[PDB]
Amino acid sequence: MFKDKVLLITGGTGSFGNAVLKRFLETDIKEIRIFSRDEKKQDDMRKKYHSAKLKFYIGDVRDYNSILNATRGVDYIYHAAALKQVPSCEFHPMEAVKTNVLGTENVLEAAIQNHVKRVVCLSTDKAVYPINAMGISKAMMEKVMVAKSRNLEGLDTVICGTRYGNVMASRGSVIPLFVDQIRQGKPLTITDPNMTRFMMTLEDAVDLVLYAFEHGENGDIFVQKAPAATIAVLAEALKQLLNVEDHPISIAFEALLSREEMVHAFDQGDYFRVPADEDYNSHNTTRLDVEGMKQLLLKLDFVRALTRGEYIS
Amino acid sequence: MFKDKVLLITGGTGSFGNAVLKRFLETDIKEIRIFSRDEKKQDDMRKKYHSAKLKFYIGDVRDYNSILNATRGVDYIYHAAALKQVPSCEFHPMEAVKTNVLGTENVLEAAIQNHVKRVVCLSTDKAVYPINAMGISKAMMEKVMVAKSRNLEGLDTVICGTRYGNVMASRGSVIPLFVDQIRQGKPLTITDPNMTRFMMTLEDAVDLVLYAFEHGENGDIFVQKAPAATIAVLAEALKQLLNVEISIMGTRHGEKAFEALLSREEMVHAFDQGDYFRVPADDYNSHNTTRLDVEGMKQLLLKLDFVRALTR
Amino acid sequence: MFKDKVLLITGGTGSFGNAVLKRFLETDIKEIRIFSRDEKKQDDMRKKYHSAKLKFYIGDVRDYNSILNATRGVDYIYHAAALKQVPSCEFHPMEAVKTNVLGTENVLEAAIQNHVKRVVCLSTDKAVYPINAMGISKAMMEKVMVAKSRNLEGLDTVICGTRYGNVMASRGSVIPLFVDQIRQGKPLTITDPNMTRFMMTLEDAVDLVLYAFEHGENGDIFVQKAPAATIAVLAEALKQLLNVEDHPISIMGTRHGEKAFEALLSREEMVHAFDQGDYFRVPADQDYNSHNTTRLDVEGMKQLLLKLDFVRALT
Amino acid sequence: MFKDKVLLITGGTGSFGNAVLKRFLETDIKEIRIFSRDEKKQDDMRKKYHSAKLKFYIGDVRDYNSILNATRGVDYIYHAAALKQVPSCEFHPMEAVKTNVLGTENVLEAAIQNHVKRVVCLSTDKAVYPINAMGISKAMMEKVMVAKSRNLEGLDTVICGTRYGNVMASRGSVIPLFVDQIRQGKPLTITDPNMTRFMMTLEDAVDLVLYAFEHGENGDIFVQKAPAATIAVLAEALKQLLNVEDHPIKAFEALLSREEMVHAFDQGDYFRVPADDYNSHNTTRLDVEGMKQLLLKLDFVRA
Amino acid sequence: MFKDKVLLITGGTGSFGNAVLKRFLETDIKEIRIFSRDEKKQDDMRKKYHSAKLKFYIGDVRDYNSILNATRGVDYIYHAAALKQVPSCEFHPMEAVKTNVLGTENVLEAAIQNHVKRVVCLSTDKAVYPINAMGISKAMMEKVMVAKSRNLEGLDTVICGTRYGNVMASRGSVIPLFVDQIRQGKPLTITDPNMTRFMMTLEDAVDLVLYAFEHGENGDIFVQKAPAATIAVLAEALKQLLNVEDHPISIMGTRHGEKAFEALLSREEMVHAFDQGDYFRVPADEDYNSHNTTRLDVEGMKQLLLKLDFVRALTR
Amino acid sequence: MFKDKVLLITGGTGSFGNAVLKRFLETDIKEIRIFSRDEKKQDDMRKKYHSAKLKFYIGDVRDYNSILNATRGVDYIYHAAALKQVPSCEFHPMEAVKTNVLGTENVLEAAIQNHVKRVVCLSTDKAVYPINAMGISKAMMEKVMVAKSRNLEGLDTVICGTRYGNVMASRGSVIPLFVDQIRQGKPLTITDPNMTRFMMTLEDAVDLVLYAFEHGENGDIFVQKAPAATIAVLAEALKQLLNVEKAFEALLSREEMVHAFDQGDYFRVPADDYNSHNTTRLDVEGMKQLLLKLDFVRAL
Ligand SMILES: NC(=O)c1ccc[n+]([C@@H]2O[C@H](COP(=O)([O-])OP(=O)(O)OC[C@H]3O[C@@H](n4cnc5c(N)ncnc54)[C@H](OP(=O)(O)O)[C@@H]3O)[C@@H](O)[C@H]2O)c1
Ligand SMILES: NC(=O)c1ccc[n+]([C@@H]2O[C@H](COP(=O)([O-])OP(=O)(O)OC[C@H]3O[C@@H](n4cnc5c(N)ncnc54)[C@H](OP(=O)(O)O)[C@@H]3O)[C@@H](O)[C@H]2O)c1
Ligand SMILES: NC(=O)c1ccc[n+]([C@@H]2O[C@H](COP(=O)([O-])OP(=O)(O)OC[C@H]3O[C@@H](n4cnc5c(N)ncnc54)[C@H](OP(=O)(O)O)[C@@H]3O)[C@@H](O)[C@H]2O)c1
């Protein structure tokens, strides 16, 4: 679907943006535009990929004119620019509002003005039953995206969103913490052995975005079905992959869709599709055993490498 | 404490603003300013109170210059301007952000610039564990109020907030609607019989706002303790008072089954101050508070004049 | 001409907006959008009409983005959002400028951007020979609308306006004040018995807007011809309909800022206006008042009063 | 009253601003700031006056920040920046609103923020019974000025206004047209000989602004009493002064409305309209002799 | 190329705008819109040309809505609105930025929204190697114009620029000063006799704009090749044409902030420039200045001066 | 002059900002506020320094309200927020204008409104005889800083600036490239052997800012005198140390050099030629002593 087309990714210097580049840079796509504020991160990527298809635009989604110019001639937009950290959003909620909410309004308005064909907005499980300023701002962003998706019937723009939770082995998460502790001979620090988390990789997320991109109608929100595991099972599976069963250990659920969303949702195989108008959480989804957890971990390249005595990040 | 002071109420044409006028207009306060957008409502209100202490300002809290201008020479502000209806905010969430969040940032910034001494912001229980755009926007508003309340260490401005739920015998609430349905001989329309609500009056909310006004520290949020009841117990108690011993519809979209005034997180830091909790800046809900039975519910209803009028 | 079309009324929760719904809602129009600021009023309207064709948009004409979003996919706009009260505007003239003038520029620019086919702007007789801030701002609005309409030759947007004065039995006007005073046994309070007003119903106003809507060219202002009456003759006609011919009347005296006649077209306008039967058309450049129009006697005034259901019920 | 004070004139490059400069530059005022958009006019003016007391600010009254910055440390403001031509305003009424109404709002807000002591706003007779966009916009400007002047009780700022009509020997006005037509041997172009205009000089206008400046209270509008003449009387007196007798050849201006006249204070040479009919037809009529004596106040005519 | 078309000139009340009007007003062009802030200058022009083709718009290029509105139905735009005086920009550099940079951005965005076919932006030699706030701001404008000229591939708008220095017999310049001083028998005031300037008439500038208008691709900057001369040679050629070969000259000294040459293309630009006959074309990605271009001798300088109607008149 | 004061650094997450913290965090200063846009960098710094004196503000200098808010209660500001990369500014000159010029206008205007006492602005040698969008934008910023510094006589705010070039062993500079190229076994990639650069460390840069902070008058720009070296002498001295045996920058224009005050180790350009070819040239021995000021170099 990307042949001779132009894709723009807001927040493209982030982990998502990189995942998308690695998949698409050497395909038949014409151009990938990276839109973000930071010139150092953009320079590093330029050198890392050394690809003529990769165009970099300095800009801020808070700035309508900026995004309006970057989206001239663009076919598709992946909207991933956000403030995503909990403490900074707690202390500067206006900043979260300006970026996540007003920023989102700008990209969509620019997309509509420039006749962009498709826009996918990335959202988080923290938006379902939100408890802090970051989560709240993402919940508000969804509401905004859905309202904006109305009246585009004559026009040729489809806007929809995807929602996913934390991905395995992202920065400062449990898996790289456990791996380090095992490498350093330290006991694993475990809060609650029975705390459950959804388990999905960064590749799975890219697939979720690709699915929404192909199948979405205005205002749709897609969620990918994901299995879950307890921290107990995660630690056990990891000690077995790294050959340290005889290794010391020292001693609550996330939701992807609310009850309300569940009653209206379409089950579409590996995805739920929530059309615009029990909970689905890590406790009641498919539970992984150690063997199934080991298969998921082995989808991480740094972990495959460890079982060979190789070390990469 | 209001003697010869100037009070400005944003959203002053609403039910809150009226309750505040009825209490304070004929006391020793120098001036009450009503700041809102609607010329019709202001005109009606002006005729109703016909008081020289009552000054009217047309303006929108979305307009910084406008609120900056009206708060020149003001000592205290009750910030009550909001979009508060659920369906309206769901279909227009940007309007809720512009009014509830950005509008609040404007009022607070104007207050700081004009050396206003105290501001109390009104919030709702729907901001706790919010599930709809209205509640989400109010939750965001609380965070902004709190964040703005820091760095005022040099300045002589105090900002705090209050949070309360639905009041009994309000314009479009359950009690006058049930009475109205009976007057028309129709069965009572109930969404969820097992739904609990805090039972509280407009008078109590004014007390709550006055309480925060006297005692608040920067970033404080006050909540008033109240008993609760199911709509079932409420409907039953009202039928007994009216001597006429129901249609169950469904739980409506974006409507919880209980109201929450403090989250689990807040409950941990909150100070219990007798009839109020005080949440300082940086679980308590209608399900686990004092539950009223038909007898307890009746003794409350008989304190409401709108009900007294009907039993007499 | 409205079949399967989308109409948006800015200021749609007002009396004009309601008259338009009562006429068009149950016709073959596709959708009517109401655009205004107050959620309370919109909610009442929604319950009142209970129609799937009626869509509500919260927004302010001061906000370009807001009206730009509400007019996407719209065919026609009736622009009726205004601040119209005289005392309120004298103390806050910037608010009048912001809503009446800048708000009008916003709706028109949005209309041009969303390729809306026709926009009719509602104006008032107070724009003719204006003496106060409300009136001054409405005069400026007409000029802004007219200037905006001289830019559209490449585009498929037509912009024009209508001008009319108060409608009979509007809120806080003379007729319901008299009816009330009669019901409560009080003498009728009259300021100046010889004061004349144009006599015109709310249905007549909808017809005027429809006329402009059908026949308007860029920058036109349309005015509907109407008879007038003194308050004396109005009071007499009403007392007879209510069978209270000998009911006292109190001559209070002339109010601050209340004229004795209204003008619908100025002398300068009459020189250029085209007589088109029941309407005048003032073309854009690129005296007609209540004293000298057709004067009604009591019998004529009674036939007009009987057009109001509010009065019919009383007989 | 200007001793060691700072005066800012918006629209200072105009004919009024130059009249004020000619008057005040060589007094004990500390500084006169000229605030306007045109670098050309400001440069010529700098060269013409070659004075260290004369400071120039490029800026637009539509730009709040610009005027906020230019008025830091200013004691007094004469607000004279406006769009004034009638045809220009009919075709671009938004520019008139932006400059005359919103621009004025900015100057007053800037003056209030910077604690400027006095602001006098210049207005026109075309604002009384306005019939066109230029006049309507000036009428709006007065209402805005008056409304802003309420709430200054805590503050030490006084805002008021002046209103006057066309001045004699201004550019493209009646006198230089008649002078030019005689120079070119052409007959005098008269629309209506029986139409009356107030007769007043540029120096008189400067006096009017100084009067309001000294005596004004919040929201006051001052008007200067002036005699009037028919264009007929004007042509004759002018033909006689130039020794070219027997040479081939609204309808009045109003300075106070009926409503204002009821509330106005007669203060000798001035009316003072306090915040809440006088026209050229019914004011003192000049005959040919009185017109000649006025025309001789123009040095331009003496030659 | 102007038949039945609509042309808009920002800054149309200035000297360039007049030269374009004198040239095109009485041709088959449909309409010329003059867009500027000053009602006085516009009224003067209106009377001067008395042409039904000449339409006036009040507005500021700093105001996006104003220019958006003025360019509806416009085919071509000559963008000549600027703040161009050196002292003025030094004390208010923000005003230079607001008008020259943000104003240019507004005009270009308006042109794109209204589907204007071509825009030519006028720039100055002071943008090459800029040393003061006026020049610095004009350099920024070119960068902004070039950057905006990208991504218009789908759209049917072309944006390009021209750069030129002072033209002969413009206001407050050397020639009308010398001509006046001669008529009053006063000696000619010369700062630095060896200072070289490019020699180029107002008509040449119009041709340069017309050329850029016909030939430009997005982001192009055109420069017209021009010979140069010293003030010494300028004074001598003029003294001979006016028949005052024996006319006193006062050497004041080199003036503050006045260079001895102007540059039209930098070394870096010359490396990338295309030679197109009478013009250089710098595409969007030796120094070329008045010292190293063709020197005019007195005789060749006479032939240039004789192109001015103002000078031809005096030899009669 | 820092005792119990509040310092705010715009762009505080940069290499300069980190240098200032390393120096001042554990002194008797009351508070250091870091104002920048990036939550990731701010978080890492919070973790790295773990100090209660270090406050973080998310904000953009393009946003007047944001900077107005973070400067409430601030005594001194180091304005170091900029876009400084050349290609990036060539393709996006409006972003350079918005951040470097309008952003600077916002900081000073907020500084004035909140009665900040002293503001020092950081500028670059590329503002002298500028040739590309980044440099042009910085030159404009100086003009804006200087113009803003007039009219402050009544107010208790002083604004001034500093200008310096690339510092030794900065990211993507000549030195770490040479070290890395030996590390990857390739001979060193040299553009022009004869090209001169001023030779200066990050610590010297902090001193320059401290100097301006102590001595600045309204509209002043300070430059620190520094020696220079050929790329040859730079390359040669390092190869001896490592045991493996345009073309100049300008700091003051001819125009500035005429009015500049010589103040010992600094030039002070008051409001209204000095380059790397004609400054003190280091030989291999002098270059050796300078390279040894880098801990990055000492360690090897
Ligand atoms: N593990 C996950 O990846 C995860 C989990 C749950 C939800 N999500 C959601 O998926 C989205 C993508 O997440 P991510 O992991 O890729 O986050 P990320 O790594 O932090 O990337 C965010 C990027 O957004 C850019 N950005 C921030 N503010 C901007 C602005 N005002 N204008 C333009 N660009 C701006 C930043 O680039 P610059 O600093 O260069 O400007 C930043 O690199 C997020 O919105 C997130 O809520 C992700
Ligand atoms: N059950 C309850 O009533 C309840 C419960 C908990 C908390 N609260 C909170 O108490 C506050 C007010 O209570 P309420 O019952 O009196 O609400 P209300 O009756 O709806 O009155 C709100 C007022 O705000 C004004 N307003 C809305 N938008 C504005 C704007 N953009 N600028 C200026 N004024 C604006 C409206 O007046 P105009 O239309 O004239 O502009 C309206 O009169 C609300 O913030 C609400 O969240 C209410
Ligand atoms: N060799 C040199 O690098 C050199 C030499 C002389 C002078 N200077 C000047 O000194 C400063 C550079 O210092 P530096 O190199 O140590 O830091 P830096 O690495 O260049 O980073 C500067 C910081 O500015 C922040 N920033 C960028 N745009 C911003 C904005 N719009 N609002 C708020 N913050 C913003 C960035 O932080 P976030 O991404 O977190 O927002 C960035 O970390 C610049 O002014 C530079 O021109 C540099």
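Residues numbered from 1 in each chain as written, not as in the entry; some residues may be left out. Chains lettered and ligands numbered in written order. Heavy atoms only, no water.

In the nomenclature of the PDB entry, chain B is known as UDP-N-acetylglucosamine 4,6-dehydratase/5-epimerase of Acinetobacter baumannii.

Going by what the PDB entry lists, chain A is known as UDP-N-acetylglucosamine 4,6-dehydratase/5-epimerase and is assigned to Acinetobacter baumannii.

A.B. asks: Help me out: how do you make sense of the overall build of chain B in this one?
C.D. replies: The secondary structure content of chain B amounts to twelve helices and 15 strands. Over its C-alpha atoms chain B spans a radius of gyration of 20 Å, differing by no more than 12% from the 20 Å that the globule rule assigns to 312 residues. For the C-alpha atoms alone, the extent of chain B along its principal axes is close to 60 × 45 × 40 Å. In chain B, buried positions account for 60% of the 312 residues. (Helix = DSSP H or I, 4+ residues; strand = E, 2+ residues; numbered from the N terminus. Rg over C-alpha atoms; globule rule 2.2 N^0.38 Å. Buried < 20%, exposed > 50% of the residue type's maximum accessible area, 1.4 Å probe, protein only.)

A.B. asks: Just to check I follow, could you spell out the site of ligand 1 for this structure?
C.D. replies: What surrounds ligand 1 is a group of 26 residues, the closest being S15(A), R37(A), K41(A), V61(A) and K40(F). Burial of ligand 1 by the surrounding chains reaches 95%, relative to a free accessible area of 900 Å². Where the shell around ligand 1 is concerned, the elements lending two or more residues are α1 (15-24) and β5 (118-124) of chain A. If you tally residues by element for the shell around ligand 1, the top one is β5(A), at three residues. When its residues are assigned to classes, the shell around ligand 1 shows eight nonpolar, eleven polar and seven charged. (Near = heavy atom within 4 Å. Areas by Shrake-Rupley, 256 points an atom, 1.4 Å probe, with all protein chains shown as cover. Nonpolar A, V, L, I, M, F, W, Y, C, P; charged D, E, K, R; others polar.)

A.B. asks: What am I meant to see in the interface of chain A and chain C here?
C.D. replies: By a frequent convention, interface size equals the accessible area lost on bringing the separate parts together. The interface is formed by eight residues belonging to chain A together with five residues belonging to chain C. Counting every contact that joins chain A to chain C gives one salt bridge. Notably, a salt bridge pairs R72(C) with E109(A), separated by 3.2 Å at the nearest N-O pair. On inspection of chain A and its partner chain C, the count reaches four residue pairs in polar contact. With four residues, the single largest contributor to the side of chain A that touches chain C is helix α5 (residues 93-113) of chain A. Of the residues assigned to the side of chain A that touches chain C, the class counts are three nonpolar, two polar and three charged. (Contact = heavy atoms within 4.5 Å. Salt bridge = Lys/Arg side-chain N within 4 Å of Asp/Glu carboxyl O. Polar contact = N/O pair within 3.5 Å; in protein donor to acceptor, adjacent residues only side chain to side chain.)

A.B. asks: Looking at this structure, I do not really get the packing of helix α9 (residues 231-241) of chain E against helix α11 (residues 298-305) of chain E. What am I missing?
C.D. replies: When two helices pack together, their arrangement is given by the angle between the helix axes and by the axis-to-axis distance. Residues and elements named next belong to chain E. Two elements in contact, α9 and α11, have axes whose closest approach is 9 Å; the angle formed by their N-to-C orientations is 65 degrees. Comparing the axis directions of α9 and α11 gives the class roughly perpendicular. Relative to α11, the crossing made by α9 is right-handed. Judged by residue contacts, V233, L234, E236, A237, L238, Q240 and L241 of α9 engage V298, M301, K302 and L305 from α11. Partitioning the contact of α9 with α11 into residue classes produces eight nonpolar, one polar and two charged. (Axes fitted to C-alpha atoms, helices over the stretch in contact; angles between N-to-C directions. Parallel < 35°, antiparallel > 145°, perpendicular 65-115°, else oblique. Left-handed = near helix turned anticlockwise from the far one by under 90°.)

A.B. asks: Help me out: how do you make sense of the layout of surface pockets in this one?
C.D. replies: To find the voids left in a structure, one rolls a probe of water-molecule size over its atoms. Estimates place the volume of the second largest pocket at around 260 Å³. Looking at the lining of the second largest pocket, its residues break down into two nonpolar, three polar and five charged. (1 Å grid on protein atoms, 1.4 Å probe; cavity = no way out; pocket = protein on both sides within 12 Å on 5 of 7 lines; lining within 4 Å. Points joined across faces, edges and corners; volume = space filled by probe spheres on them.)

A.B. asks: What am I meant to see in the arrangement of the chains here?
C.D. replies: Counting contacts across all twelve pairs of chains found in contact, the highest total belongs to chains A and B. A minimum C-alpha distance of 20 Å separates chain B and chain E, which share no contact.

A.B. asks: Sorry, what's going on with the packing of aromatic side chains here?
C.D. replies: For any pair of aromatic rings, the description consists of the separation of the ring centres together with the inter-plane angle of the planes. Inspection of every chain in the model, using the stated rule, returns 64 aromatic pairs over all chains. Both rings, one in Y211(A) and one in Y271(A), keep their centres 4.0 Å apart while their planes meet at 25 degrees; by these two values the pair is stacked. Relative accessible area serves as the criterion here: at 14%, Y211(A) is assigned to the buried category. Judged by centre distance (6.4 Å) and plane angle (65 degrees), the rings of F2(C) and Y78(C) are edge-to-face. In this pair, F2(C) sits in the segment before β1 (6-10) while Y78(C) sits in strand β4 (residues 76-79), placing the two residues 76 residues apart along the sequence. Ring pairs connect the aromatic residues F2(A), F16(A), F24(A), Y76(A), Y78(A) and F213(A), which therefore count as one cluster. Above the face of the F272(A) ring, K225(A) is positioned so that its terminal group lies 4.8 Å from the ring centre. (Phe/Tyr/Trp six-rings, centres within 6.5 Å; stacked < 30°, edge-to-face > 60°. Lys NZ or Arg CZ within 6 Å of the ring centre and 35° of its normal.)

A.B. asks: In this structure, what is going on with the sheet that holds strand β9 (residues 221-224) of chain E? I would like to understand it.
C.D. replies: In a beta sheet, neighbouring strands pair by backbone hydrogen bonds and run either parallel or antiparallel. Residue and element names in this part refer to chain E. Spatially, the nine strands line up as an open sheet ordered β3-β2-β1-β4-β5-β6-β9-β14-β13, and their pairing is mixed. One side of each edge strand has no neighbouring strand; the edge strands of this open sheet are β3 (54-58) and β13 (274-275). Both strand β6 (residues 158-164) and β9 contribute to a ladder of three bridges, which runs parallel. Pairing of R163 across the sheet is with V223, part of β9. Each of β2 (31-36) and β3 touches helix α2 (residues 39-49); the most contacted strand, β3, lies at about 175 degrees to it. (Pairing = 2+ DSSP bridges.)

A.B. asks: How should the site of ligand 2 be read in this particular structure?
C.D. replies: Residues and elements named next belong to chain B. Lining the immediate environment of ligand 2, one finds 25 residues, of which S15, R37, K41, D60 and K84 sit closest. Within the contact set of ligand 2, an oxygen atom lies 3.1 Å away from a side-chain nitrogen or oxygen of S36. Interatomic distance of 3.0 Å between a side-chain N/O atom of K138 and an oxygen atom of ligand 2. Breaking the shell around ligand 2 down by element, the ones donating at least two residues are α1 (15-24) and β5 (118-124). When residues in the shell around ligand 2 are grouped by element, the largest group, three residues, is from β5. Partitioned by chemical class, the residues of the shell around ligand 2 number seven nonpolar, eleven polar and seven charged.

A.B. asks: Explanation requested: the side chain of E31(F) in the structure shown.
C.D. replies: Residues and elements named next belong to chain F. Looking at where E31 falls in the secondary structure, it is placed in strand β2 (residues 31-36). Within polar-contact distance, the side chain of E31 engages the side chain of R33 at 2.9 Å. With sequence-adjacent residues up to four places away left out, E31 is seen in contact with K5, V6, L7, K53 and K55.

A.B. asks: What is the right way to look at unusual backbone geometry in this model?
C.D. replies: What is expected of a backbone is that most residues other than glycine have negative phi and most peptide bonds are trans. Unlike most non-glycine residues, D4(E) shows phi in positive territory, near 60 degrees. Mapped onto the secondary structure, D4(E) falls in the segment before β1 (6-10).

A.B. asks: I would appreciate a short explanation of the domain arrangement of chain A in the present structure.
C.D. replies: Residues and elements named next belong to chain A. Here chain A is described as being made up of domain 1 (2-165 + 201-225 + 255-281) and domain 2 (166-198 + 226-254 + 282-313). Between domain 1 and domain 2, the residue contacts involve 16 residues of the former and twelve residues of the latter. The contact between domain 1 and domain 2 buries some 1,100 Å² in all, and 51% of this surface belongs to carbon and sulfur atoms. Sorting the residues of domain 1 by area buried against domain 2 places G165, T201 and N281 first, and these three jointly supply 48% of that buried surface. Joining domain 1 to domain 2, the criterion identifies one salt bridge. Its salt-bridge partner being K299, residue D204 comes within 3.9 Å of it at the nearest N-O pair. For the interface between domain 1 and domain 2, the tally reads nine residue pairs in polar contact. Contributing elements (two or more residues each) for the side of domain 1 that touches domain 2: α8 (202-215), β12 (255-257) and β15 (280-281). In terms of residues, the side of domain 1 that touches domain 2 owes the most to one element, α8, which gives three residues. Class assignment of the residues belonging to the side of domain 1 that touches domain 2 gives a composition of five nonpolar, four polar and seven charged. (Domains from an automatic or database assignment. Buried area = accessible area lost by both parts, 1.4 Å probe.)

A.B. asks: Explanation requested: the pattern of salt bridges in the structure shown.
C.D. replies: Here the idea is simple: oppositely charged side chains can pair when their charged atoms come close. This structure, assessed with the given rule, holds 132 salt bridges over all chains. The shortest N-O distance in the salt bridge between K47(B) and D43(B) comes to 3.2 Å. A residue pair is termed a helical-turn pair when its members lie 3 or 4 positions apart in one helix, as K47(B) and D43(B) do in helix α2 (residues 39-49) at four residues. Classification of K47(B) as exposed rests on a relative accessible area of 51%. Residue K117(F) is joined to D75(F) by a salt bridge in which the shortest nitrogen-to-oxygen separation is 2.9 Å. Taken as a pair, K117(F) in the loop between α5 (93-113) and β5 (118-124) and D75(F) in the loop between α3 (64-70) and β4 (76-79) lie far apart in primary sequence, 42 residues in all. With relative accessibility at 30%, the residue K117(F) sits in the partly exposed group. Salt bridges sharing partners connect three or more residues here, namely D38(A), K41(A), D38(F) and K41(F).

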